[PDB]
Amino acid sequence: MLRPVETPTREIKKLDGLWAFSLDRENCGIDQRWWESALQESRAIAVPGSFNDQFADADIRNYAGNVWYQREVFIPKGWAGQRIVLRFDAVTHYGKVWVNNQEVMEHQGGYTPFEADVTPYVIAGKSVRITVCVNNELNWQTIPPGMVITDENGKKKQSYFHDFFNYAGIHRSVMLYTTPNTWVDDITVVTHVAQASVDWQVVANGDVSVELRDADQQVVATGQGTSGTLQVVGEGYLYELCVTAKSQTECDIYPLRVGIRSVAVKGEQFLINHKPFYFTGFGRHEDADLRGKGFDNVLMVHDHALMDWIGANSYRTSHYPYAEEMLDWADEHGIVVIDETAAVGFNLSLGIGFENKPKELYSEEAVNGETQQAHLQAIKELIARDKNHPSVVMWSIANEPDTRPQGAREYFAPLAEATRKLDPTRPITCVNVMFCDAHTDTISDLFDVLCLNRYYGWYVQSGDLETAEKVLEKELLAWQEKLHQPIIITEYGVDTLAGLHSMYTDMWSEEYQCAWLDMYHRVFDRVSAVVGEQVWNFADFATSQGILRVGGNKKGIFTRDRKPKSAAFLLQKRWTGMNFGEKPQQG
Amino acid sequence: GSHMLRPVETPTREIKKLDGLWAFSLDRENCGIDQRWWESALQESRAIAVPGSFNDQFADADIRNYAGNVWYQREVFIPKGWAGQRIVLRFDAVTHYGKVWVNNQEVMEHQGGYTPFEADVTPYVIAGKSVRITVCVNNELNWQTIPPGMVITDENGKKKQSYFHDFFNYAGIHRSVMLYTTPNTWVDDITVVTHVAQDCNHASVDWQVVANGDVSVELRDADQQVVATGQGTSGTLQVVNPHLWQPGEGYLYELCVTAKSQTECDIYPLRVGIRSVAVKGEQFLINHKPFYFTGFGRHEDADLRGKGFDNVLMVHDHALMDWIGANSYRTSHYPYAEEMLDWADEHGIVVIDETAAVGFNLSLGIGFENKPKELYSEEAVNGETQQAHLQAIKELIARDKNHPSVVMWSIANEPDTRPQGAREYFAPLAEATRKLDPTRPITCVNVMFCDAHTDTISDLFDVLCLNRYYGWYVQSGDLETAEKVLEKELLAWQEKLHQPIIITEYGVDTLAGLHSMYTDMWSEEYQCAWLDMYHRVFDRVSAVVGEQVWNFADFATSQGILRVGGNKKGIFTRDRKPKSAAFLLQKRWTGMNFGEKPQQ
Ligand SMILES: CCC[C@@H]1NC[C@@H](O)[C@H](O)[C@H]1C(=O)O
Ligand SMILES: CCC[C@@H]1NC[C@@H](O)[C@H](O)[C@H]1C(=O)O
């Protein structure tokens, strides 16, 4: 499965915004089969957006259970001789959908599309009732995991183990799509460099021809057959190889953009086209002021303008798969992307407070075999749909897992190996949490380049930069000599509320963010193996409520409404001072 | 105005073209028209989101303050199952000036920044292939624009736009772009008007221009059960025993007009609410019952889209207004996105509909630095200006005529009526508006300094709308003098005109977080105290039938020593968080009985 693009392939975008929405507090929907009649006592909701914060209501915001969307649609008239298929680009956590009293789809996965042919349940020209049942619950076999808890009164409350807030709803595009009656499924392409080759595979209903055209889209070379190899002689050139499906009586044309993408890892260097690289940029989040994680074109354009100004050339889709629009953008603009799945919270050592969670991390009570297989499904879907993007430069299996407990490597080994089985073109990482240090972590052996999320001077060095530097440097050198891999610091940052200034350079002040980030920068400058720096969050984002979070995680370089803290000008001076992709040497 | 109805979905349809990502480029030296950029793909472009203002999408002050022409562009595949159908391309709002090319054929031109414009473009496309849409957008204001302004060119030829309204002059394609298909039998326009007597029964006269054929109509129920039927291009009266459109509820029948040609059919559903507005003495009646307006002057303004319409923003802002107890609002200083008038229609929100005629006043800006000396004059507000204004009223009424939520038209906001020729200007505009729609009252929002003994034009309008700021811009910080001045000025207006009085703006700048024990200006405590005193005075004047505090949220403005990052008069911050006064109003507005004036 890959993204619908239009040519003699058509669609009616159904991000019509306003659907009928209703909560299901007493779980009556399935039994009264609500999809059967117009929702009783509904309210208007926006459909590219989370349902949590759109109504300024704490009881919808913290709601756990089943919610219901509904929307009627007229199917276009020129589709009577076509297959009508219905695609949701992201339903966060779980979705099941009924096209007029007949059930059509079901899917467990919050950041990946799922589609299904409904041509035998539609006829072009008339109006059908679409009803969606969305679930936002997490158990130990979900990606990410969690524990629902039902109190004395029967009220559900969801507990989880990741920082960001558990936003849910229809966060991305809904889509009615038609394609000619022979070509259905997937295409895959792989690219090589010689210090200039390709490959093709199409799955459709008949003969296939493929022609690579360039940005002027004049044909630069053509083959036809499911496989073989053509050759050819800040932001990146994207050719376009146009694959055609000659068969039955109708032809089908699909355009797939390809970039000359190359890379594996070599010793201590993350090369690109046989070129050393330094990652600069951010751990991101899909989080905005009123839409939750809902995608929005304005926000995307503005935050790319911000990363462009600040000099970042890369980022990482922190803790879940992102809106594909962003990877198409990264394609055209030459942004380097670390693709991560929703597998966060595999750790019960991070929660901090005054408050019964399972005692053995890897076991049947928690992360079991079912968990490992749901995980492998998540990696499967992320690779299945982002495989042809040039901007995806590395896969990341999970984020900050607890690898101290027994059973950790028995769990993660088949996943690393299987993912290498899923695509050998790009490297494999697993971002490492602070407390599984160099002397302790179990799984770093299995990955190509190890990524570190370290916060010396914040969570563990009590605001004392002068010792934090020393600790961070030992640990740096230790990691490299233990694995002689490239080191990408994927998370590093401190909570700072915009407006707090202090002569004493204290924690939470803007001066402290500046000083802390630049001391980290000084040690980066001095160790061979660090090939990347991505600060911990570009903007402030929302989290669940707790004594550690003042209205959200304030570790951002920008505020939630995208206004710059002082450190935004620190980074801008450093990241645009170096030349592109090259690390500042030691002074 | 020219015939136009909202594109609604029947067995003939529309395909959304706000795909957001278009090619955008500014035209710094007007090379665009000369090289007719409309001919080839835009040279040196960057991605823009549509709909949204272009000013703040790139976090760059040099685009933000840019004056001149900008260029949007996008290819489109026209669906082929549309062959033998009329294809129309509608822009719902291109702010200030826009003209567009279907690759090389130019199709439309428009100077109104907040009202739609379309053109039948069936002979310039054929279904199945993809054509390039190129749009030229101008953000310049002169004295014949609505609103007016003065572009001024420095020594170097760079433009800088000067204007005389508070809010910032956002531009771009702010609303929906859209290709839509209709059968070759045209239902070009519909007009519906409602009457009632004692809530028991009456009728909805009707008129329709349907360019191509016979028309029958059926008014259907919320159950879509037929409750009456008509026949004819006009007349089309039927009588009912209905459940009529009321503020708290908003019951909407559906007028299904069908246009039978000899081979083609066309179906249009137009939602109607059975409401009757009028004014009698000092009372604003709705279904023959006095009404009390509560709520806000609003704005189309958010943190990164400028004035771009956004569904989440609409849903969340209605959630807040509903919580806070607001029952009404007015589309402050320009026509709003029709989505909002449909929302108000379905939910029973009462709306004062206003045109973009702000800044007809050179007495409001205050500072230390060349504006014309005669407001009404050939160099400034001129005859061309008056026809431009009459055109703006023509489009707004043409587009929001059948909405039950629209309860009153407002021609302009805070014009200076002191100079002679103010009444010469506004009188024919008031009379013309009255003939363009006799169903709803006519207002013209009154500025603080054209007081009751000074104003010239209020004679000409049905309901008096006051923007008062005693205690803020004058009597600054003194609640005891502001109360007296306000109360005698209110009583004065009542003695002079015996109209209903709606206080359509009253508010103070309040920094969220700034608290004070001394109840001084800019603190949240001052907002509460100030609004609260104003509320005692309203409660003590017979003729005041409405209160709309000045601004629901903080919004952006031009830069100046009076605007701290914008106008801070909102009850909510720009990111919709409530100041302390937000709970003051919530206590009042849900304490009173719905639609009733507090009895003191
Ligand atoms: C010491 C663990 C740090 C933690 N790392 C994972 C991110 O998802 C969180 O945002 C970050 C944080 O605490 O902000
Ligand atoms: C005395 C004029 C007040 C003025 N009235 C018009 C609004 O558009 C402005 O926002 C408001 C203000 O200055 O706050």
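All of this is worked out from the model, or read from it or from the source named; these are not laboratory values. Positions of Cβ are generated from backbone atoms using ideal geometry, with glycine treated the same way; all protein chains shown enter the neighbour counts.
Return yes or no: is A:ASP16 within 14 Å of another protein chain (Cβ to nearest Cβ) and over 24 Å from B:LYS16 (Cβ atoms)?
Numbers: within 14 Å of another protein chain (Cβ to nearest Cβ): yes; over 24 Å from B:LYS16 (Cβ atoms): no.
No.
Inside segment B:67-91, residues that are within 14 Å of chain A (Cβ to nearest Cβ) and either of a type in the set (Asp, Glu) or farther than 23 Å from A:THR178 by Cα (or both) make up a count of 2.
Would you say B:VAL312 is in contact with a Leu (Cβ under 7 Å, 6 or more places away or on another chain) and either in the same structural domain as B:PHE583 (by CATH) or among the aromatic types (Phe, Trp, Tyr) (or both)?
Numbers: in contact with a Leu (Cβ under 7 Å, 6 or more places away or on another chain): yes; either in the same structural domain as B:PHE583 (by CATH) or among the aromatic types (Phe, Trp, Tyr) (or both): yes.
Spelling it out, B:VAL312 is indeed in contact with a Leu (Cβ under 7 Å, 6 or more places away or on another chain) and either in the same structural domain as B:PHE583 (by CATH) or among the aromatic types (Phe, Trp, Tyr) (or both).
Table: residues versus (1) touching a helix residue (DSSP H, G or I) at 6+ places or on another chain (Cβ under 9 Å); (2) surrounded by fewer than 18 Cβ atoms within 10 Å (Cβ to Cβ); (3) among the basic types (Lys, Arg).
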site: B:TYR506; (1), (2), (3): yes, no, no
site: B:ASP520; (1), (2), (3): yes, yes, no
site: B:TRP530; (1), (2), (3): yes, no, no
site: B:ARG540; (1), (2), (3): yes, yes, yes
site: B:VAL544; (1), (2), (3): yes, no, no
site: B:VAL549; (1), (2), (3): yes, no, no
site: B:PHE555; (1), (2), (3): no, no, no
site: B:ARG576; (1), (2), (3): yes, no, yes
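Within segment A:518-539, not a single residue is within 14 Å of another protein chain (Cβ to nearest Cβ), within 16 Å of ligand 1 (Cβ to nearest atom) and touching a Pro at 6+ places or on another chain (Cβ under 7 Å). Name the residues in segment A:538-558 that are more than 21 Å from the chain's Cα centre (by Cα) and over 17 Å from A:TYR167 (Cβ atoms), would you? Hits for segment A:538-558 are A:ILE547, A:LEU548, A:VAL550. Residues that are more than 9 Å from chain B (Cβ to nearest Cβ) and among the aliphatic types (A, V, I, L, M) within segment A:299-315 comprise A:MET307, A:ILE310, A:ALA312, listed in sequence order.
Applying the condition of being in a strand (DSSP E or B) and of a type in the set (A, V, I, L, M, F, W, C) to segment A:432-472 and asking which residue is farthest from ligand 2 (Cβ to nearest atom) yields A:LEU450.
Of everything listed in (1) under 25 Å from A:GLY49 (Cα atoms); (2) in a strand (DSSP E or B); (3) more than 14 Å from chain B (Cβ to nearest Cβ), the single unmet condition for A:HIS162 is (2). Scanning segment A:314-357 for residues that are touching a strand residue (DSSP E or B) at 6+ places or on another chain (Cβ under 8 Å), farther than 19 Å from B:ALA47 by Cβ and assigned to a loop (DSSP other than H, G, I, E, B) returns A:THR317, A:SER318, A:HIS319, A:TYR320, A:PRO321, A:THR341, A:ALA343, A:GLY345, A:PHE346, A:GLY353, A:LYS357.
Within segment B:370-391, not a single residue is more than 14 Å from chain A (Cβ to nearest Cβ), within 15 Å of the chain's Cα centre (by Cα) and either within 16 Å of ligand 2 (Cβ to nearest atom) or basic (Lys, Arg) (or both). Contact annotation: residue pairs with Cβ atoms under 9 Å, 6 or more positions apart or on different chains, pairing a residue in segment B:255-268 that is in the same structural domain as B:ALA203 (by CATH) with a partner that is of a type in the set (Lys, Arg), are B:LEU255/B:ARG220; B:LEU255/B:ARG271; B:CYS256/B:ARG220; B:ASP266/B:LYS260.
Only one of (1) over 22 Å from A:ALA264 (Cβ atoms); (2) surrounded by 15 or more Cβ atoms within 10 Å (Cβ to Cβ); (3) of a type in the set (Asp, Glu) is not met by A:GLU365, so which one is it? Failing condition for A:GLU365: (2). Listed by first and then second residue, the pairs linking a residue in segment A:362-384 that is under 21 Å from A:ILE187 (Cβ atoms) to a residue that is of a type outside the set (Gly, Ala, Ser) and in a helix (DSSP H, G or I), with Cβ atoms under 8 Å apart and 6 or more places separating them unless they lie on different chains, are A:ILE379/A:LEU415; A:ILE379/A:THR419; A:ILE379/A:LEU422; A:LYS380/A:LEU422; A:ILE383/A:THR419; A:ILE383/A:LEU422. Filtered by the rule that a residue be within 14 Å of another protein chain (Cβ to nearest Cβ), in contact with a strand residue (DSSP E or B) (Cβ under 6 Å, 6 or more places away or on another chain) and crowded, with 23+ Cβ neighbours inside 10 Å, segment A:254-298 gives a lone residue, A:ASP287.
Among the residues making up segment A:283-338, those that are more than 16 Å from ligand 1 (Cβ to nearest atom) and at positive phi are A:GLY292, A:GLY311, A:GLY334. From the residues in segment B:21-66 that are under 25 Å from the mean Cα position of the chain (by Cα) and surrounded by fewer than 19 Cβ atoms within 10 Å (Cβ to Cβ), which one is nearest to the other protein chains (Cβ to nearest Cβ)? Once the filter is applied, the top-ranked residue is B:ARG64.
Across segment A:397-415, the qualifying residues are those that are closer than 16 Å to A:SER349 by Cα and surrounded by fewer than 22 Cβ atoms within 10 Å (Cβ to Cβ), and the one among them that is nearest to the chain's Cα centre (by Cα) is A:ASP402. Inspect all residues belonging to segment B:590-599 and state whether any of them is part of a loop (DSSP other than H, G, I, E, B), of a type in the set (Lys, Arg) and not assigned by CATH to the domain that holds B:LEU304. Yes, segment B:590-599 contains a residue that is part of a loop (DSSP other than H, G, I, E, B), of a type in the set (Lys, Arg) and not assigned by CATH to the domain that holds B:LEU304. Somewhere in segment A:492-501, is a residue within 14 Å of chain B (Cβ to nearest Cβ), over 25 Å from A:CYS436 (Cβ atoms), within 16 Å of ligand 1 (Cβ to nearest atom) and out of contact with any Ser or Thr (no Cβ under 8 Å at 6 or more places or on another chain)? Yes, because at least one residue in segment A:492-501 is within 14 Å of chain B (Cβ to nearest Cβ), over 25 Å from A:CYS436 (Cβ atoms), within 16 Å of ligand 1 (Cβ to nearest atom) and out of contact with any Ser or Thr (no Cβ under 8 Å at 6 or more places or on another chain).
Criterion first (farther than 26 Å from A:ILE547 by Cβ and outside the structural domain of A:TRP536 (by CATH)) does A:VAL132 satisfy it?
Values: farther than 26 Å from A:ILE547 by Cβ: yes; outside the structural domain of A:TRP536 (by CATH): yes.
Criteria met by A:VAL132.
For first residues located in segment B:558-571 and within 14 Å of chain A (Cβ to nearest Cβ), partners that are in a strand (DSSP E or B) and within 11 Å of ligand 2 (Cβ to nearest atom) and lie 6+ apart or on another chain with Cβ distances below 8 Å form the pairs B:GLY566/B:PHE555; B:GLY566/B:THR557. A search for C-beta distances below 8 Å between a residue of segment B:524-539 that is closer than 16 Å to B:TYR473 by Cβ and any residue that is among the polar types (S, T, N, Q) and surrounded by 18 or more Cβ atoms within 10 Å (Cβ to Cβ), counting only pairs 6+ apart in sequence or on different chains, returns B:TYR526/B:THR510; B:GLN527/B:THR510.
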